[PDB]
Structure formats: C-alpha cells, structure tokens
Amino acid sequence: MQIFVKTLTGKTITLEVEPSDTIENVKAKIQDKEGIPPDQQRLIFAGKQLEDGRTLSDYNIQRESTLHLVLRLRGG
Amino acid sequence: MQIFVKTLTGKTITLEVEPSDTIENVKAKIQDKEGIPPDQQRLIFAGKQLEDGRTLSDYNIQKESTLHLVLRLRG
Amino acid sequence: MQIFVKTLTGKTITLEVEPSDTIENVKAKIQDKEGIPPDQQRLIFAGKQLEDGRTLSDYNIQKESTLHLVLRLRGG
Amino acid sequence: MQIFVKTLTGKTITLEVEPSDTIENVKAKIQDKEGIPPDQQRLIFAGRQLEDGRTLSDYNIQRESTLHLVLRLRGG
C-alpha cells in the first residue's frame, strides 16, 4: 500500500509499505529513497511521535495515510 | 513578543515570549497553559526538532513566528 | 449543559452538551475545542472509562458534572 | 521503595516496588493487594498511560512518586 511522508517544510515522498511493516522498516525505506539516516528521523502520525518497534497496523495507519517527518540533528 | 505554537491536529495557542527565552522555557509556558509535561513535548521549527538550551533568537525565531508541537510519550 | 472535561495534568475544558449526547459526540466536541482526535481519547467518570455508544444520561452525568480525560498511547 | 497508586475516586494504595519493576509487574502487585485484574487496570503518570513492558525507571518514577489508576469498564 501507498502512504505519503511529509516534512513540515514541504517535502513529500511516497512509499510502498505493508500494514505489518515496523516504523523502523519505514525509516529504512525513507533512507533508501532520501538517504536520511534513520537516527535523524522522527515519524509522526496524528500529532503523536511514533516508536520504531510497532507496526503501521498498531497505529491504525491505512493506505494513502499521511505520515509527518521531522529531522533531529545536534547543533541545527 | 508573541509567537504561535500549533499541533498537527488543528489546535493553536499564542505565547508571550522574549527573544532570550530558551526552548525549555517555552515548554514550561506551554505546560502552564496546556498542562502538557515538558518531557512529553517536542518543539519544531524549519522542519527540525529544537534543543532545550537554545534560545529563540539562536534559531532566528521572531515575533509572529510559528513553532509546531508534537507529543512524545517517551516512556 | 455545561460540563467540565479535565485532564489529570490540570487542564480544564468546559463544554456545552445535552443528556442525549453520546460518548462519541462528546469526543467530537473535544476535538473541535482542543484538536485531540476522538479515537485518541478515553473519558473517565466514577473512576472508570466511559464506553462508546452510551449517552451522558446513561451514567447520570448532569449539569456541571466533571469527566476526566486521558490519552491511550497504544494508538494515540 | 514505596510509590502510591491513586484512583480518581480517592482510593489510595501504597505499593512496595523496585525501579526495574515493569508496569505489568506493578499491575500484578495491585491485583494481589486489591484484587483487580491487570487487563482491567490502566496506570497513569503525568497524564499519560504507561506501557506494560516498560519499567518504572523508564518513566523515571522514583520513590514516593504517585501514579493514577483507572479501571477497565466492561459494561459500566
């Protein structure tokens, strides 16, 4: 299924995922499509920060759902 | 001065701040107004999570600027 | 009816409602007021969570009653 | 160390625990001291529901800290 990942600055990317995928996995896909290290990533759904161990099913994330990406890097 | 803190769900609140206010000071004011504990908060500007010991001016956040608030039940 | 929905952290949210208003409706008004997604909230009264579907009248909730709000983390 | 668990109805209960005790471990202690099944307990600290797999030290709950307990309403 397709889902959208957006930053608060406007960048939007699409990703083929499964309801069984973990947030960690999603982060890895974001790394392949955008080169952003998972460590500097923070996925958000419904204003809540997401934890890596859970799956998209757990958060009730359906197809074409939009996930928000925020970067986290020391100093900037 | 005043700045706005918005959630990704529609809510928006205004805060009276000073360029010299740190991010943690802003979290404390959000707590005073919304009751959200500062450790559960994560403030965002220019697409990135801000750091506690930094001031608003360090990030060039000015009057009427907009910060976004996301929650993190750190656990 | 003006009731009060209070978080355990000191925040009070007043709301106009009616005896026939069901639980999900109260959550809807809560969203409009504070933006918190309805599925994200757990309403409390008489020390216990209020189930989806019953109205305020089914719990004898009346004018100026106080309901506590807490967020369920698993999906909110 | 001691910590206090309080219900919204005013029931206060003292528990003996260790910082490394999991929320689930704490619920077992509540059941043995009060008879409430863990599946029906919802523990809270600073307005947020605690995860069963995490420990008290994870939420930095220390000696004499106070938690909240709301019951799982199956039918009322």
# chains A, B, ... in the order shown; residues from 1 in each chain; ligands from 1
>>> closest_atom_pairs(of="chain C", to="chain B", cutoff="9 Å", atoms="only C-alpha atoms", output="JSON lines")
{"residue": "C:7", "atom": "CA", "partner": "B:35", "partner_atom": "CA", "distance": 8.1}
{"residue": "C:8", "atom": "CA", "partner": "B:35", "partner_atom": "CA", "distance": 8.7}
{"residue": "C:9", "atom": "CA", "partner": "B:35", "partner_atom": "CA", "distance": 5.3}
{"residue": "C:10", "atom": "CA", "partner": "B:35", "partner_atom": "CA", "distance": 5.8}
{"residue": "C:11", "atom": "CA", "partner": "B:35", "partner_atom": "CA", "distance": 5.5}
{"residue": "C:12", "atom": "CA", "partner": "B:34", "partner_atom": "CA", "distance": 8.9}
{"residue": "C:31", "atom": "CA", "partner": "B:9", "partner_atom": "CA", "distance": 8.8}
{"residue": "C:32", "atom": "CA", "partner": "B:10", "partner_atom": "CA", "distance": 8.4}
{"residue": "C:33", "atom": "CA", "partner": "B:11", "partner_atom": "CA", "distance": 7.9}
{"residue": "C:34", "atom": "CA", "partner": "B:11", "partner_atom": "CA", "distance": 5.8}
{"residue": "C:35", "atom": "CA", "partner": "B:11", "partner_atom": "CA", "distance": 5.2}
{"residue": "C:36", "atom": "CA", "partner": "B:9", "partner_atom": "CA", "distance": 6.8}
{"residue": "C:37", "atom": "CA", "partner": "B:9", "partner_atom": "CA", "distance": 7.5}
{"residue": "C:73", "atom": "CA", "partner": "B:73", "partner_atom": "CA", "distance": 7.5}
>>> write_last_selection(atoms="N, CA, C and O atoms", output="PDB file, in the first residue's frame")
ATOM      1  N   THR C   7      -8.158  17.064  32.393  1.00  0.00           N
ATOM      2  CA  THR C   7      -7.024  16.169  32.196  1.00  0.00           C
ATOM      3  C   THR C   7      -6.462  15.954  33.600  1.00  0.00           C
ATOM      4  O   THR C   7      -6.782  16.701  34.520  1.00  0.00           O
ATOM      5  N   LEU C   8      -5.625  14.945  33.768  1.00  0.00           N
ATOM      6  CA  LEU C   8      -5.035  14.695  35.072  1.00  0.00           C
ATOM      7  C   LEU C   8      -3.880  15.660  35.343  1.00  0.00           C
ATOM      8  O   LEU C   8      -3.320  15.675  36.440  1.00  0.00           O
ATOM      9  N   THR C   9      -3.527  16.467  34.344  1.00  0.00           N
ATOM     10  CA  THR C   9      -2.425  17.415  34.491  1.00  0.00           C
ATOM     11  C   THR C   9      -2.817  18.865  34.753  1.00  0.00           C
ATOM     12  O   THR C   9      -2.006  19.780  34.574  1.00  0.00           O
ATOM     13  N   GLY C  10      -4.062  19.079  35.162  1.00  0.00           N
ATOM     14  CA  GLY C  10      -4.501  20.425  35.487  1.00  0.00           C
ATOM     15  C   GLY C  10      -5.208  21.248  34.430  1.00  0.00           C
ATOM     16  O   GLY C  10      -5.496  22.417  34.675  1.00  0.00           O
ATOM     17  N   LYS C  11      -5.477  20.680  33.260  1.00  0.00           N
ATOM     18  CA  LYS C  11      -6.169  21.444  32.233  1.00  0.00           C
ATOM     19  C   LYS C  11      -7.676  21.188  32.206  1.00  0.00           C
ATOM     20  O   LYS C  11      -8.131  20.046  32.123  1.00  0.00           O
ATOM     21  N   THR C  12      -8.452  22.260  32.270  1.00  0.00           N
ATOM     22  CA  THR C  12      -9.893  22.122  32.238  1.00  0.00           C
ATOM     23  C   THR C  12     -10.478  22.658  30.952  1.00  0.00           C
ATOM     24  O   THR C  12     -10.106  23.726  30.479  1.00  0.00           O
ATOM     25  N   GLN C  31     -12.635  17.370  20.220  1.00  0.00           N
ATOM     26  CA  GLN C  31     -11.734  17.588  19.100  1.00  0.00           C
ATOM     27  C   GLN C  31     -11.836  19.048  18.637  1.00  0.00           C
ATOM     28  O   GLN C  31     -10.839  19.759  18.583  1.00  0.00           O
ATOM     29  N   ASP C  32     -13.047  19.501  18.326  1.00  0.00           N
ATOM     30  CA  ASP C  32     -13.227  20.870  17.864  1.00  0.00           C
ATOM     31  C   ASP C  32     -12.611  21.893  18.820  1.00  0.00           C
ATOM     32  O   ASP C  32     -12.073  22.911  18.384  1.00  0.00           O
ATOM     33  N   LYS C  33     -12.696  21.625  20.121  1.00  0.00           N
ATOM     34  CA  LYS C  33     -12.152  22.539  21.120  1.00  0.00           C
ATOM     35  C   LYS C  33     -10.625  22.471  21.201  1.00  0.00           C
ATOM     36  O   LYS C  33      -9.933  23.470  21.014  1.00  0.00           O
ATOM     37  N   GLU C  34     -10.109  21.279  21.476  1.00  0.00           N
ATOM     38  CA  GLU C  34      -8.674  21.072  21.631  1.00  0.00           C
ATOM     39  C   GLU C  34      -7.920  20.376  20.483  1.00  0.00           C
ATOM     40  O   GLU C  34      -6.690  20.293  20.507  1.00  0.00           O
ATOM     41  N   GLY C  35      -8.641  19.859  19.495  1.00  0.00           N
ATOM     42  CA  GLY C  35      -7.983  19.211  18.371  1.00  0.00           C
ATOM     43  C   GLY C  35      -7.577  17.757  18.545  1.00  0.00           C
ATOM     44  O   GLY C  35      -7.155  17.115  17.583  1.00  0.00           O
ATOM     45  N   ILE C  36      -7.702  17.235  19.762  1.00  0.00           N
ATOM     46  CA  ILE C  36      -7.350  15.843  20.060  1.00  0.00           C
ATOM     47  C   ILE C  36      -8.251  14.856  19.304  1.00  0.00           C
ATOM     48  O   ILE C  36      -9.466  14.852  19.493  1.00  0.00           O
ATOM     49  N   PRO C  37      -7.669  14.000  18.444  1.00  0.00           N
ATOM     50  CA  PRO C  37      -8.520  13.050  17.716  1.00  0.00           C
ATOM     51  C   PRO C  37      -9.363  12.206  18.671  1.00  0.00           C
ATOM     52  O   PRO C  37      -8.867  11.704  19.674  1.00  0.00           O
ATOM     53  N   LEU C  73      -2.115   5.515  24.835  1.00  0.00           N
ATOM     54  CA  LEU C  73      -0.922   5.545  23.992  1.00  0.00           C
ATOM     55  C   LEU C  73      -0.825   4.560  22.827  1.00  0.00           C
ATOM     56  O   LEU C  73      -0.343   4.923  21.751  1.00  0.00           O
TER      57      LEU C  73
END
>>> select_by_dssp(residues="chain C", states="strand (DSSP E or B)", output="MDAnalysis selection string")
chainID C and resid 2:7 12:16 22 41:45 48:49 55 66:71
>>> closest_atom_pairs(of="chain A", to="chain B", cutoff="7 Å", atoms="only C-alpha atoms", output="CSV")
residue,atom,partner,partner_atom,distance
A:7,CA,B:47,CA,6.2
A:8,CA,B:47,CA,5.0
A:9,CA,B:47,CA,5.5
A:46,CA,B:9,CA,6.5
A:47,CA,B:8,CA,4.9
A:48,CA,B:71,CA,5.1
A:49,CA,B:72,CA,5.0
A:70,CA,B:48,CA,5.3
A:71,CA,B:48,CA,4.6
A:72,CA,B:49,CA,5.4
>>> closest_atom_pairs(of="chain A", to="chain C", cutoff="12 Å", atoms="only C-alpha atoms", output="tab-separated table")
residue	atom	partner	partner_atom	distance
A:44	CA	C:76	CA	11.0
A:45	CA	C:76	CA	8.8
A:46	CA	C:37	CA	7.5
A:47	CA	C:36	CA	8.7
A:48	CA	C:76	CA	6.7
A:49	CA	C:76	CA	9.5
A:50	CA	C:75	CA	9.6
A:51	CA	C:74	CA	10.2
A:53	CA	C:74	CA	11.9
A:54	CA	C:74	CA	9.3
A:55	CA	C:75	CA	10.8
A:56	CA	C:75	CA	10.1
A:57	CA	C:75	CA	9.5
A:58	CA	C:75	CA	6.6
A:59	CA	C:75	CA	4.8
A:60	CA	C:75	CA	7.1
A:61	CA	C:75	CA	9.6
>>> write_last_selection(atoms="N, CA, C and O atoms", output="short mmCIF file (atom, residue, chain, number, x, y, z; two decimals), in the first residue's frame")
data_model
loop_
_atom_site.label_atom_id
_atom_site.label_comp_id
_atom_site.auth_asym_id
_atom_site.auth_seq_id
_atom_site.Cartn_x
_atom_site.Cartn_y
_atom_site.Cartn_z
N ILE A 44 5.78 10.93 12.62
CA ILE A 44 4.63 11.41 13.37
C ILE A 44 3.30 11.07 12.68
O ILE A 44 3.16 11.23 11.47
N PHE A 45 2.33 10.61 13.47
CA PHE A 45 1.01 10.31 12.94
C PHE A 45 -0.05 10.80 13.93
O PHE A 45 -0.11 10.35 15.08
N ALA A 46 -0.87 11.74 13.49
CA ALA A 46 -1.91 12.31 14.33
C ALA A 46 -1.31 13.12 15.49
O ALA A 46 -1.78 13.07 16.62
N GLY A 47 -0.25 13.88 15.18
CA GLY A 47 0.39 14.70 16.19
C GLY A 47 1.19 13.95 17.25
O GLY A 47 1.79 14.57 18.14
N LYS A 48 1.21 12.63 17.15
CA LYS A 48 1.93 11.81 18.12
C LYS A 48 3.23 11.27 17.51
O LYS A 48 3.24 10.85 16.35
N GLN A 49 4.34 11.30 18.26
CA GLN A 49 5.61 10.78 17.75
C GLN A 49 5.50 9.26 17.71
O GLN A 49 4.90 8.66 18.60
N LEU A 50 6.06 8.63 16.68
CA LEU A 50 5.97 7.18 16.53
C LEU A 50 7.19 6.39 17.01
O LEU A 50 8.33 6.82 16.83
N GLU A 51 6.93 5.24 17.63
CA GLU A 51 8.01 4.38 18.13
C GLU A 51 8.34 3.24 17.16
O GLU A 51 7.46 2.50 16.72
N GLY A 53 9.54 0.16 17.22
CA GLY A 53 9.18 -1.24 17.36
C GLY A 53 7.81 -1.67 16.88
O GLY A 53 7.61 -2.82 16.50
N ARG A 54 6.84 -0.72 16.90
CA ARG A 54 5.48 -1.04 16.48
C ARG A 54 5.29 -1.07 14.97
O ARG A 54 6.13 -0.57 14.22
N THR A 55 4.19 -1.65 14.52
CA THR A 55 3.87 -1.71 13.09
C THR A 55 2.87 -0.61 12.71
O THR A 55 2.36 0.09 13.58
N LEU A 56 2.62 -0.46 11.42
CA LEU A 56 1.68 0.55 10.93
C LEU A 56 0.25 0.15 11.29
O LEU A 56 -0.63 1.01 11.41
N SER A 57 0.02 -1.15 11.47
CA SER A 57 -1.30 -1.66 11.85
C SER A 57 -1.64 -1.19 13.25
O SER A 57 -2.76 -0.74 13.51
N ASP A 58 -0.66 -1.28 14.15
CA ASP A 58 -0.85 -0.87 15.54
C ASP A 58 -1.34 0.58 15.66
O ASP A 58 -2.16 0.88 16.52
N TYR A 59 -0.82 1.47 14.81
CA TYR A 59 -1.23 2.87 14.84
C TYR A 59 -2.45 3.16 13.97
O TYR A 59 -2.85 4.31 13.80
N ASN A 60 -3.04 2.10 13.41
CA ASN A 60 -4.21 2.24 12.56
C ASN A 60 -3.90 3.08 11.31
O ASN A 60 -4.73 3.87 10.85
N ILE A 61 -2.69 2.92 10.79
CA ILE A 61 -2.25 3.64 9.60
C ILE A 61 -2.68 2.89 8.34
O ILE A 61 -2.12 1.86 7.99
#
>>> closest_atom_pairs(of="chain D", to="chain B", cutoff="8 Å", atoms="only C-alpha atoms", output="Markdown table")
| residue | atom | partner | partner_atom | distance |
| --- | --- | --- | --- | --- |
| D:46 | CA | B:37 | CA | 7.0 |
| D:48 | CA | B:73 | CA | 7.1 |
| D:50 | CA | B:75 | CA | 7.0 |
| D:51 | CA | B:75 | CA | 7.3 |
| D:54 | CA | B:75 | CA | 7.2 |
| D:58 | CA | B:75 | CA | 6.0 |
| D:59 | CA | B:75 | CA | 5.2 |
>>> closest_residue(among="D:61, D:3, D:8, D:23", to="chain C", atoms="only C-alpha atoms")
D:8
>>> interface_residues(of="chain D", to="chain C", cutoff="6 Å", atoms="only C-alpha atoms", output="ChimeraX atom specification")
/D:8-9,47,49,70-71,73
>>> atom_distance(atom1="atom CA of residue 43 of chain A", atom2="atom CA of residue 27 of chain B")
20.7 Å
>>> closest_atom_pairs(of="segment 31-62 of chain C", to="segment 17-20 of chain C", cutoff="6 Å", atoms="only C-alpha atoms", output="JSON lines")
{"residue": "C:55", "atom": "CA", "partner": "C:20", "partner_atom": "CA", "distance": 5.6}
{"residue": "C:56", "atom": "CA", "partner": "C:19", "partner_atom": "CA", "distance": 5.3}
{"residue": "C:57", "atom": "CA", "partner": "C:19", "partner_atom": "CA", "distance": 4.8}
>>> write_last_selection(atoms="C-alpha atoms", output="mmCIF file, in the first residue's frame")
data_model
loop_
_atom_site.group_PDB
_atom_site.id
_atom_site.type_symbol
_atom_site.label_atom_id
_atom_site.label_comp_id
_atom_site.auth_asym_id
_atom_site.auth_seq_id
_atom_site.Cartn_x
_atom_site.Cartn_y
_atom_site.Cartn_z
ATOM 1 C CA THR C 55 -25.172 8.702 26.309
ATOM 2 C CA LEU C 56 -24.336 11.029 29.173
ATOM 3 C CA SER C 57 -27.779 10.299 30.628
#
>>> atom_distance(atom1="atom CA of residue 22 of chain C", atom2="atom CA of residue 52 of chain C")
7.8 Å
>>> select_by_dssp(residues="segment 6-74 of chain C", states="alpha helix (DSSP H)", output="VMD selection string")
chain C and resid 23 to 34
>>> write_last_selection(atoms="N, CA and C atoms", output="tab-separated table (two decimals), in the first residue's frame")
chain	number	residue	atom	x	y	z
C	23	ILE	N	-21.28	9.27	23.94
C	23	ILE	CA	-19.87	9.42	24.27
C	23	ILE	C	-19.09	9.97	23.07
C	24	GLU	N	-19.21	9.32	21.92
C	24	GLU	CA	-18.51	9.74	20.71
C	24	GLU	C	-18.77	11.20	20.33
C	25	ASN	N	-19.95	11.72	20.66
C	25	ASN	CA	-20.28	13.11	20.35
C	25	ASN	C	-19.48	14.05	21.22
C	26	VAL	N	-19.34	13.68	22.49
C	26	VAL	CA	-18.60	14.48	23.46
C	26	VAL	C	-17.15	14.57	22.99
C	27	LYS	N	-16.64	13.45	22.48
C	27	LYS	CA	-15.28	13.39	21.98
C	27	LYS	C	-15.13	14.26	20.74
C	28	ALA	N	-16.22	14.38	19.98
C	28	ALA	CA	-16.22	15.18	18.77
C	28	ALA	C	-16.09	16.63	19.16
C	29	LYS	N	-16.86	17.05	20.16
C	29	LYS	CA	-16.80	18.43	20.64
C	29	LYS	C	-15.42	18.70	21.23
C	30	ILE	N	-14.82	17.67	21.84
C	30	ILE	CA	-13.50	17.82	22.44
C	30	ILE	C	-12.49	18.08	21.33
C	31	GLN	N	-12.63	17.37	20.22
C	31	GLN	CA	-11.73	17.59	19.10
C	31	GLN	C	-11.84	19.05	18.64
C	32	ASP	N	-13.05	19.50	18.33
C	32	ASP	CA	-13.23	20.87	17.86
C	32	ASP	C	-12.61	21.89	18.82
C	33	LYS	N	-12.70	21.63	20.12
C	33	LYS	CA	-12.15	22.54	21.12
C	33	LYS	C	-10.63	22.47	21.20
C	34	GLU	N	-10.11	21.28	21.48
C	34	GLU	CA	-8.67	21.07	21.63
C	34	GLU	C	-7.92	20.38	20.48
>>> decode(residues="chain C", atoms="C-alpha atoms", output="compact mmCIF listing (two decimals), in the first residue's frame")
# COMPACT_ATOMS: atom_id res chain seq x y z
CA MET C 1 -25.48 21.63 29.64
CA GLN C 2 -22.09 22.96 30.62
CA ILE C 3 -19.86 20.08 31.79
CA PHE C 4 -16.16 20.08 32.57
CA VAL C 5 -13.64 17.72 30.99
CA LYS C 6 -10.39 17.70 32.97
CA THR C 7 -7.02 16.17 32.20
CA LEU C 8 -5.03 14.70 35.07
CA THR C 9 -2.43 17.41 34.49
CA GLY C 10 -4.50 20.42 35.49
CA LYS C 11 -6.17 21.44 32.23
CA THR C 12 -9.89 22.12 32.24
CA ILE C 13 -12.08 22.28 29.17
CA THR C 14 -15.66 23.40 29.52
CA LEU C 15 -18.30 22.17 27.08
CA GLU C 16 -21.98 22.76 26.37
CA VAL C 17 -23.81 19.44 25.85
CA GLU C 18 -27.12 17.61 26.31
CA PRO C 19 -28.26 14.44 28.16
CA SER C 20 -28.84 12.62 24.86
CA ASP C 21 -25.30 13.34 23.65
CA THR C 22 -23.49 10.04 23.27
CA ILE C 23 -19.87 9.42 24.27
CA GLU C 24 -18.51 9.74 20.71
CA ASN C 25 -20.28 13.11 20.35
CA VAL C 26 -18.60 14.48 23.46
CA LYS C 27 -15.28 13.39 21.98
CA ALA C 28 -16.22 15.18 18.77
CA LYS C 29 -16.80 18.43 20.64
CA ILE C 30 -13.50 17.82 22.44
CA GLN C 31 -11.73 17.59 19.10
CA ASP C 32 -13.23 20.87 17.86
CA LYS C 33 -12.15 22.54 21.12
CA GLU C 34 -8.67 21.07 21.63
CA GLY C 35 -7.98 19.21 18.37
CA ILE C 36 -7.35 15.84 20.06
CA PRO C 37 -8.52 13.05 17.72
CA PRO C 38 -11.62 11.28 19.17
CA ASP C 39 -10.11 7.81 18.86
CA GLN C 40 -7.21 9.18 20.89
CA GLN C 41 -9.28 9.93 23.98
CA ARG C 42 -10.52 7.86 26.94
CA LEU C 43 -13.23 9.54 29.03
CA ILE C 44 -13.46 8.85 32.76
CA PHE C 45 -16.31 9.12 35.23
CA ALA C 46 -16.94 7.45 38.61
CA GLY C 47 -13.37 6.18 38.47
CA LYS C 48 -13.88 4.30 35.22
CA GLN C 49 -13.61 4.67 31.43
CA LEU C 50 -16.86 5.54 29.59
CA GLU C 51 -17.80 3.09 26.82
CA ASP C 52 -18.52 4.04 23.20
CA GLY C 53 -22.22 4.41 22.45
CA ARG C 54 -23.89 5.16 25.77
CA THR C 55 -25.17 8.70 26.31
CA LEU C 56 -24.34 11.03 29.17
CA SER C 57 -27.78 10.30 30.63
CA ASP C 58 -26.95 6.58 30.91
CA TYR C 59 -24.30 7.45 33.51
CA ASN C 60 -26.48 10.08 35.21
CA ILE C 61 -23.93 12.66 34.07
CA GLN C 62 -25.56 16.05 34.68
CA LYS C 63 -25.13 19.82 34.58
CA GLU C 64 -21.65 20.77 35.70
CA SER C 65 -20.50 17.17 36.08
CA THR C 66 -16.78 16.52 35.69
CA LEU C 67 -15.33 14.00 33.29
CA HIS C 68 -11.63 13.22 33.26
CA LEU C 69 -9.66 12.82 30.03
CA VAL C 70 -6.64 10.65 29.50
CA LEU C 71 -4.94 9.66 26.27
CA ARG C 72 -4.46 5.98 25.37
CA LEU C 73 -0.92 5.55 23.99
CA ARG C 74 -1.21 2.29 22.01
CA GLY C 75 -2.80 4.24 19.17
CA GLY C 76 -2.95 7.80 20.45
